[PDB]
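*Asks:* A structural model of the following input is requested.
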Amino acid sequence: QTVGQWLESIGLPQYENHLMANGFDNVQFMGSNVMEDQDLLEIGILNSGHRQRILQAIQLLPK
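*Replies:* Numbering: from 1, shown residues only. Here you go, the structure:
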């Protein structure tokens, strides 16, 4: 689906708008295209735990 449940799945809401704000969409494509810490920062993901979770979140998305 669209970016949301993915964030909710990792239990990290409020990152959807963030992704959108960063023009980030298609978590899959992202998880299959963009994998980096800075990117988490790009979207404004501060909390490293969240960043790590998001990093793991994209990793969770099939390659």
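*Asks:* what helix or strand is the residue nearest the centre of the chain on?
*Replies:* By CA atoms, centre = their mean, the mean C-alpha position of the chain lies nearest to residue 54, the distance being 4.7 Å. Using DSSP states H and E, residue 54 sits within helix 48-60.
*Asks:* and that helix, which residues are buried?
*Replies:* Buried residues in helix 48-60, counted by 16 or more other CB atoms under 10 Å: 50, 51, 53, 54, 55, 57, 58. For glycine as for every other residue, the C-beta is placed from the backbone atoms N, C-alpha and C.
*Asks:* Then stretch 2-9?
*Replies:* Buried residues in stretch 2-9 (16+ other CB under 10 Å): 3, 6, 7.
*Asks:* likewise stretch 26-36?
*Replies:* Buried-residue list, stretch 26-36, by 16+ other CB under 10 Å: 27, 30, 31.
*Asks:* Between the two ends of it, how far is it?
*Replies:* In stretch 26-36, first residue to last residue: 16 Å (CA to CA, to the nearest Å).
*Asks:* ok, now how distant is residue 33 from residue 11?
*Replies:* Residue 33 is 23 Å from residue 11, where distance means CB to CB, to the nearest Å.
*Asks:* quick revisit: and the helix holding residue 54, what other elements does it pack with?
*Replies:* Where contact means 3 or more CB pairs under 8 Å, 6 or more residues apart in numbering; DSSP states H and E, helix 48-60 is packed against helix 5-9, helix 27-31, helix 37-43.
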